[PDB]
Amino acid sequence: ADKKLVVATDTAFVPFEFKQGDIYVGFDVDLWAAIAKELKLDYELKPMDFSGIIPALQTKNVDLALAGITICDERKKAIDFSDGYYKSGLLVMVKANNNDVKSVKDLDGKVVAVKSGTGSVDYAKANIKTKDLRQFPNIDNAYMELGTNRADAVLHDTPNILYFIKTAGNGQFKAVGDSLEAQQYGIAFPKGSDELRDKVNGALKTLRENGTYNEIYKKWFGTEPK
């Protein structure tokens, strides 16, 4: 019973972290619990907005974080990452009856809604000449900026977008283009948590080969490609 690790998590990032009644469920929730079981660790989930997860690690108010955090070189100057646990990317979503946009290129001189503090904003800042880039603390407010056509498209992570269309879009939104900015998701740790980082990486490999990872993956992403 050494102590309870504090695990920072996203308030809403379906299907990796979301609120289901009085508990949190998702891919990251199932994956860490398995990791914490292997390494015999006690922990608590602390959901918060994504823009404060990395600062929470920098200020050492949280012991680690699992929230679709993309492994980035600019972020490694500030925090430590584990080994990738999911290959992801960015994808453009527009309304279902919209046909003038067929890829991210058609989004030049248009209004794009994104989530503040995420990478989708830097990609949009560096590769799209938006007439206006509208940022929202949670991605659900971006969705509405699209549904009511105040914004022309949302650019966010591929699994989040392909799950939102799958579950709560109700055939009102569609995915146009191909996956972009190939990236990998990693468990983030504050600088100086090297012993725990190496242990988590070891438990990661154990679950990748004994099939527990494929068990959790098949649960949320069905017959998703390895």
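Each residue number is its position in the shown sequence, starting from 1.
Checked against the record, the higher mean CA B factor of 149 to 157 and 97 to 105 lies with 97 to 105. As the entry records it, the average C-alpha temperature factor is higher for 123 to 131, out of 71 to 79 and 123 to 131. Residue-level temperature factors show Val14 in the lowest third of its chain, judged at the C-alpha atom. For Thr118, the recorded CA temperature factor ranks within the lowest third of the chain's modelled residues. Annotation for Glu195: CA B-factor lies in the middle third of the chain's modelled residues.
Sort the modelled residues of the chain by CA B factor and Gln183 lands in the highest third.
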